[PDB]
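Comments concern the structure below.
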Amino acid sequence: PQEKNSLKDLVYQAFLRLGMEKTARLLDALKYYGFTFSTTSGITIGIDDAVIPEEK
Amino acid sequence: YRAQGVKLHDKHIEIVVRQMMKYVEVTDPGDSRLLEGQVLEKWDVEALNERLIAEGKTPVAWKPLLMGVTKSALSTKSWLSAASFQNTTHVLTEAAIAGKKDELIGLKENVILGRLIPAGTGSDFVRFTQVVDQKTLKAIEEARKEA
Amino acid sequence: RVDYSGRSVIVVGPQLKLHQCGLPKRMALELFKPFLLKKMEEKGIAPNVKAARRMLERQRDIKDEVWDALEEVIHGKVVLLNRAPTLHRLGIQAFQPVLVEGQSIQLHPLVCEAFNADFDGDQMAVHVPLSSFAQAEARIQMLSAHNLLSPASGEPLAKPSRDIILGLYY
Amino acid sequence: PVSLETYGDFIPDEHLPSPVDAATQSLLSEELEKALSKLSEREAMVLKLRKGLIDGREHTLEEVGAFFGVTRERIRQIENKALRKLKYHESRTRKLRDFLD
Amino acid sequence: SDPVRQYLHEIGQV
Amino acid sequence: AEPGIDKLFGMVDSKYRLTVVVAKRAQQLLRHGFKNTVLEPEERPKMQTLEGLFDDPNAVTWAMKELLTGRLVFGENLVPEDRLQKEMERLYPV
Amino acid sequence: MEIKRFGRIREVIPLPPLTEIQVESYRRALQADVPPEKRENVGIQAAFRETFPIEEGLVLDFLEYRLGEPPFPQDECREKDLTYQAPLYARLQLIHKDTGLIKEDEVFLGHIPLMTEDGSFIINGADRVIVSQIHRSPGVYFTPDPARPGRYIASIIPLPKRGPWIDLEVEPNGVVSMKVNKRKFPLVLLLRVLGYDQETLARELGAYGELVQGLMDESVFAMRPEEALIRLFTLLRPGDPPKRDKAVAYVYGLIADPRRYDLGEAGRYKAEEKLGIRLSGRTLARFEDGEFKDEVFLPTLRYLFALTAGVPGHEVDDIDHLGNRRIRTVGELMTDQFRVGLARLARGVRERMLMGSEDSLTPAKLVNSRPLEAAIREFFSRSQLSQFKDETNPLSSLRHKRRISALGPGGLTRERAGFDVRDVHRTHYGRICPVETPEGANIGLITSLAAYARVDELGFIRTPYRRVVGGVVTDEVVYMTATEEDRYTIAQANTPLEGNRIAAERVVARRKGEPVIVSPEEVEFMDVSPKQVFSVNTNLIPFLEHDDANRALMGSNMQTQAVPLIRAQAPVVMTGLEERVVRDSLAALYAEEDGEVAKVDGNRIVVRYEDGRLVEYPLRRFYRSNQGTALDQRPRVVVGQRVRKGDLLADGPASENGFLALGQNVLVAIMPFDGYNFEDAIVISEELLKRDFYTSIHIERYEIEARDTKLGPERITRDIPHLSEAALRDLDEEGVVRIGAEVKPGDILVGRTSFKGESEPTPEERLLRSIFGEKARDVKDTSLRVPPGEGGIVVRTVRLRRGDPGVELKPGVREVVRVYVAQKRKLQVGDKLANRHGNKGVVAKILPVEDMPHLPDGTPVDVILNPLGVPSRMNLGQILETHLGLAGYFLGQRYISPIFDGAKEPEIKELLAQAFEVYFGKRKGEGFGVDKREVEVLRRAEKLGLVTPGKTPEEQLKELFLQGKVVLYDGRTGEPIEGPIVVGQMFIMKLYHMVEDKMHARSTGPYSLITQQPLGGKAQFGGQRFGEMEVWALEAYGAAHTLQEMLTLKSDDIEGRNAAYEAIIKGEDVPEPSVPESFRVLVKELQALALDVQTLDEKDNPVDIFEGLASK
Amino acid sequence: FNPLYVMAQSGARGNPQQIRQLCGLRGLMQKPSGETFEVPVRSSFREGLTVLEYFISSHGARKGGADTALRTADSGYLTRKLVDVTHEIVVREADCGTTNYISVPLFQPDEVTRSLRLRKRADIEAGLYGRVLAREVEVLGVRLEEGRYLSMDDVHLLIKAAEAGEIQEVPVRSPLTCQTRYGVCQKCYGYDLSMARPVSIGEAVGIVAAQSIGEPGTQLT
Amino acid sequence: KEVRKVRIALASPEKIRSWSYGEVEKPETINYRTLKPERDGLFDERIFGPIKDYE
DNA sequence: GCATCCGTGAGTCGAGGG
DNA sequence: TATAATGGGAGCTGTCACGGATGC
RNA sequence: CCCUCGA
Ligand SMILES: [Mg+2]
Ligand SMILES: [Zn+2]
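Here is the structure:
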């Protein structure tokens, strides 16, 4: 799964391999699709989302 | 910095430390005009020692001197930089007494005078570069070719 | 303190490209005012400069063609955006301005972390490089999309943030 | 009087000309020369001497008339006809109207 | 240190 | 990003030399009214007005694109300064 | 709508009058209601008793004082920019000792500011607040020596500027040293001066081994008290002649003179309690029968030796303990500056007694009131504890009046205040709120008084507790100091109670702040309420126990920045304080007695009381506050309505039916939205502007003066040269803009002409003049115009003319004109919103209603908050508020959830089920079944573990609804959000930080006099400051020409900036920059220091940057 | 796919400790004296604290706030000091031509003093990445030549060789050894960390160093 | 010429008098009714230059 | 060679008010 | 322009680190 | 400059 570190390494490797112009284009693409998919994802915070484990 | 998860390159710290080691104290004056205990720059004493060795004279014995960042800042050659940093009164009295000249080597000095800094596009390395199109270049070439 | 400068509240600019920032119309009109006068004289909007300045003085005297003239003025040019405090050099960055309605400056998301800028009410200052030399320095050296890695570490500085990460991970 | 150190950061300088004012005076001198070029050299020079755009001061009709070697009535008539041609050209092109504030 | 104390002493000399 | 910025940084031994070249060339283009341009009429940078496409007024855009065409010569001590000025005034009146 | 309240804790006592810390303090200080013979020796009476009598006519003595009526009412003082004050008369009598002649008269000493009914002051027309100070209480303290372990420092501290701090130390050589005014000398000498003998000191202090021997010096006991006194005077005053009466006077003034040295009444009390002695006066010693008599020193040294030896019953002191820190309220500070001005008046009185006719002298001839007036004026204008009142909303003023500062005159200096002063002490419990405090440099230095806390007569903060005898909780409540509190075991307010008896065998309590589990038999006292732990603002945060203290701080603070809205509403989730906050702020209007309402108007409400009398209450309408927010009272009753005592007659600003209304209740969906709520940004529905939610009224004041000059008078006139009728359209006959006109930037508010300065016309001006044949007019246009970015409707004009009744202005000014402009502000992009839980954000996007996420029934949400703010900020109160707000949205009700006592999760779940029945059974009766998108969402939530598999769609939807989540459809698509989303009602406020005030830009403008650099400030049309760090930034980019532009062409290169502007308007490139002017200023200011600064070339030959103009 | 879990794992928001305060127990707290209280808050923010728990936590919250406030000013003072020492340092030439260098170690002594063990990857990167080799290095059949700018792959290969025991320390050109006057040369400085390539002559390296050291000054706890 | 250096040194009384365009003999600033510089004062136009351009 | 007093420092921008 | 008149009066405190001279 | 308030 893509997360902070893997996306950071993607940006660095894209810089090294394809130049800062293409890396800026990739940054904007990741921005667009990330925002879009975060919207429809269903991410929210309800009080029941802080799950007290019984183990406690 | 590592403890707080801050990734920072060694070479910056090395720049700073290099400036902290910038000075030396004379252990023996040799054949020079220097005095025992006189503090000066390592570069200056090395140039003086190469001049005395090239003259067949006795070189100056010196000792490395580690001073903190503030003291190394205040002890710099530029009196403009030091006076604008702090202890302005002390800097200015000693500089006026010594009749000191600021060569405008660093950034602060040229910033005060409002000049173009000696860095980046202001670097003498890149700032004298010329640009010409091939038409004008060939016309100037013919002008040189006729004479 | 300095001329050809302004400031305002910042607002997230998700639609912006990395090299762009949203500049309010009135701010841009004031910051670029001499260029706008000269362009108004180049076209038929005013006979001379003084008439154009007296025309821009009162807000009710401002018509629609002056905004198109201002758009022509700012074409290809960049402004400097700066957020206080300025801890490293990325506290100032260069952006092609996009004229927007409203009074807020629009900031691209990926540069926020560099500026340490969020949207709980931060404000930013705008500066206009004047000479061809200043604008060339800003566009080549100080452009946002030309500074993608940290000069302190070398790791990517403009990179996906929490909102972007949340979607791609999902 | 009161102290500037209780303050002076709010106190502007009304003495030196603003860049807008200096640019306005520059364009004014340039446009006056543009309109004076539409006259002959003698009548333009008479206007400049009589309004003081040469040595800084205004010469009388006797001084300008003895400069060009002519009667004071003649030099006053030259000034009048130059002013008249200027008024005609200005009514035509409407270039110098904006500078009148 | 204090100029008026010093002048008062000098005055108290005579 | 500026178009082809990576190739431009490849051209020079220091990025600041690129900046100086671009700014000087843009000043040349401003001074001589873009009559010295090495760009063919189809290579001219354009701007979309309300009416239609016109020339790009930005001389630095022009300068960078010209630089990319390989048709500009840059370096130090290419020609005396006043000689360059006078020859450019000769070929392209101001 | 129905208000359901939760909580099982019944508060025994209500909140005390929240402004009493101001009102009662100043009332005690003035004693204006007390007949003079009954006045106590406290207050300004005390200052009179200290100053007078004045001796060496020979004697001028004080009889009594009186305060007269104010010359002008409060509103009129605000109007004419006067001070609300009362004249102070003092009856004095001059007595000649020899003659016996007695001439008595009442002399006028000037005025004194009167405190308003709400606890503020009116100074020069501006409302101001005197903030209480916190400081180390006077007394005798003992602290550990940081350098020497096992050794201790004794410290005798009087009131501020009431005498020096004295230190007693045991030196390494054994002798006990005293330090006053930074002078170390053996204490034995002073002990001899006090009249002590080696016998008495040996019998008193001998019980401590090896210590009293450092006190034994034979050379000191070899001289009588007079010789030792002159010795001490030679030690303390080098060079000063050691005369006998001079030494007696000096030492008496240093120790025994009450007119000079004064421990507090609190200082005396603490000294008596610590040292176990009794003080006759408030000094350290006395002058009795020609000799000095000891009060404090010997018990202090005894306690010091005892603490050093380790003998029991002697302990070190916590100087941050709230038993050793007291509060100087407004009355005490005003009385201090009053004493100062009175002492200056006394110096003037003696000076006037030396000079002039000795036989003929009256009190009026001796007293010059001016220095006292000046002292009081300096206090109420330029003191650090005298602050511009915050009237943004009523809670702003209330909190401002309840503030406590550690800075100020005699207080701490910043950056010398470490962690200890800013820490919250265990004794802060119940007294000083632990959350309400500023972020940044002022943290822990500015604090707030707790809700139930009170300041006693000695100045200590006391908190209430309930008596518990044998496990029975009484209704007897006792207010304690921290010193008293540390003596008891005090149970928590949530302790289970059946009737008045403790029902738990294990009880949570505190012993000296330490938490401990304890039997009911052990419980001495019990807390009154959780409310007593926090301030007023912190008590307004529901679900506070679910919020991390930092975001709690943020919401608590930001509540005072809430703008009063035209349609402002009280929160649907309240804490129960919202009514008392309105009542105690004097925001709204209430019925004085029972009666019937006779008349109702947007202006006045006339009420007939049970007495038959007819009282008419006028309503403050659209008044401009200190921060420009609108203050207007709206009538809330109708004609003929029967009202009882305390019922609401009219609603004040930011008040809804007597409930505090700082914002709007909006429908909220917690979800990201295409990056527009990225990093705390907020997205709002355009509907909010359609129904005028978050719309506020703001009034701005503009002011102009016409004055007499040497070149002729300024005058306000409609005749303005070179201006059309279009520009003069809305000006009336006199040159003042008409009421009701709309003004835009550049419009003239007041026309004014001023005679031109003496003008030598440049030759271009003369030629152009002769060309257009027009005489240059004598005057020029100085009219007051609307600044950039401002404007609105003119609601008021005030004109004050010289030569007119009741109007006398400053010397030289002919008249003053004030124009009031009101504007209606809709919520716009860049404005600041916040909730009570610390969630703050700027409005980044306003969506059309069709773009908003919406409920299946077609109801769109109002604002979209990004959930990413919640986890790291750890403030869950907003979540629970949202859940309960959804419930109250569909049940049509509001809730009162007291802090730590509020609604629990199961009760919110019950209410949410009741709401789900309304939200869904309505649909199922309307003839509609489950939607397909709802089924898809239910499958996703079934995968998410939110609903139980196998249940019907209605059961799973109810399961989600009980978790607070609903199905949401994207307005642009119609496709649902893949997951269920938390949606509910939330209380959000519009903060005072609005982009309309903050947007500014400048091309060129005014420059400073000496620096020739752009001015600062938006009002002056200033430029942004490019500081040291921005220069560092440009240097690090290596952008030399941009930097040089910042340093020359845009700031202080006159030639450069003029050439740049001209080149740009010509269409050319900007020219090479010149030398910045402030560097020439540096060269010249260095020359005035006798320092030659030379700019040289590479050949070391001078270069002149002044271009020859400075050389002869 | 719990929201808190997703956000914490992805790196969008949150860390295990804030999540623990939300779901688990709030934890232990400090007295004003830095001393720790014996009994911790057993409650979460989900469950709600008692007024005594809340008041106890207020100590640490206020202490941290005052810490941050008093910290910003000292960090800024330090940054300005650094800017003042280093500001004259610029890249003024390509190579000063010194034979001197430093040796970055890949191993550090164990605290047990038992043996030497491999340094942490991030630290090796911070000391090696973007530098220039002062000597030839032959490891794992790879030639890293003198004068070579070490890329990140070069650093990782050097780490592999260290793990294989082929190299214990790396010779490298450094500003400490640069003989350039008034500044630093291109080879001794190495990469421009922003562009992942050799540094351009004229780069104001001292200001960059001062800002790099200063900026995370307010994070130092 | 171009400035390449900046020097600072002590100023001799003769150097100070060489700078000076006149001695200020009076502690006067401006006349109370005319608001113009007093003769031989701190603001004297005879010493420090004219108040108005070329007048 | 070791204590003690004296001078100098102690983040930025922005707003508002007096 | 003349009785004689002859040594002032505000004080004010909860920081810390460094250099430097000053005093056992 | 002081206070307060933003970042
Ligand atoms: Mg922020
Ligand atoms: Zn080198």
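Chains as they are written, first to last, in this note's numbering: chain A, 123 to 178; chain B, 22 to 168; chain C, 847 to 1016; chain D, 373 to 473; chain E, 6 to 19; chain F, 720 to 813; chain G, 3 to 1114; chain H, -6 to 214; chain I, 129 to 183.
Even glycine gets a Cβ: it sits at the ideal position worked out from N, Cα and C.
Discussion item. Using only the alpha-carbon positions, how far apart do G/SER537 and G/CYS435 sit?
Written reply: Whole-angstrom Cα-Cα distance: 5 Å.
Worksheet item: From I/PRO141, I/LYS129 and I/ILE136, pick the residue whose C-alpha is nearest to that of B/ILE118; which is it?
Response: I/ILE136
Worksheet entry | the region 21 to 36 of chain H: positions lying closer than 7 Å to chain B by Cβ | Correct list: empty, as no residue qualifies.
Worksheet item: Within the 8 Å Cβ cut-off, does G/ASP972 reach chain A?
Response: yes
Discussion item. Under 8 Å, Cβ to Cβ, is there at least one residue of chain B near G/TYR1039?
Written reply: yes
Discussion item. Any heavy atom of ligand 1 inside 7 Å of the beta-carbon of B/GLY141?
Written reply: no
Item to complete: Taking only beta-carbon positions, decide if H/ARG6 is within less than 8 Å of chain A.
Response: no
Practice prompt. Just tell me which of G/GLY805, G/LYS1101 and G/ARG405 has its CA closest to the CA of G/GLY446.
Written response: G/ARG405
Discussion item. With three or more C-beta pairs closer than 8 Å as the rule, is the region 36 to 43 of chain H touching the region 889 to 900 of chain G?
Written reply: no
Worksheet entry | At least 3 beta-carbon pairs within less than 8 Å: the region 733 to 745 of chain G vs the region 786 to 806 of chain G | yes
Discussion item. Run through chain I and tell me which residues come within less than 7 Å of B/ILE118, C-beta to C-beta.
Written reply: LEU138
Worksheet item: Say the cut is 7 Å; is the CB of G/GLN386 nearer than that to a heavy atom of ligand 2?
Response: Because no heavy atom of ligand 2 lies under 7 Å away, the Cβ of G/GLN386 does not count as near it: no.
Worksheet item: Can you name, in chain order, every residue of its own chain whose Cβ lies under 7 Å from the Cβ of H/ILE206, other than the five neighbours on each side?
Response: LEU75
Worksheet item: With 8 Å set as the bound, which would you pick, yes or no: does the beta-carbon of G/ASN1060 sit closer than that to a beta-carbon of chain D?
Response: yes
Fill in: Proximity to G/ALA683 [Cα-Cα], best of C/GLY967, C/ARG904, C/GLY1000 and C/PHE979
C/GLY967
Discussion item. Contact defined as beta carbons within less than 8 Å: I believe G/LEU633 pairs with G/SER627. What is the distance between those atoms, to the nearest angstrom?
Written reply: 5 Å
Discussion item. If you measure from each CB to the nearest heavy atom of ligand 1 and keep those under 5 Å, what residues do you get, in chain order?
Written reply: C/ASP964, C/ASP966 and C/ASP968
Practice prompt. Return yes when the Cβ of G/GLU977 is within less than 8 Å of the Cβ of G/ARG935, no when it is not.
Written response: yes
Item to complete: Please name the residue, chosen from G/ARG646, G/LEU374, G/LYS186 and G/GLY461, that lies closest to G/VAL342 on a Cα-to-Cα basis.
Response: G/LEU374
Fill in: Nearest to A/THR162 (by Cα), restricted to the options G/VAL178, G/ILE701 and G/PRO674
Comparing Cα positions, the closest option is G/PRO674.
Worksheet item: Who pairs with H/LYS113 in a beta bridge, going by DSSP?
Response: None, per the DSSP bridge assignment.
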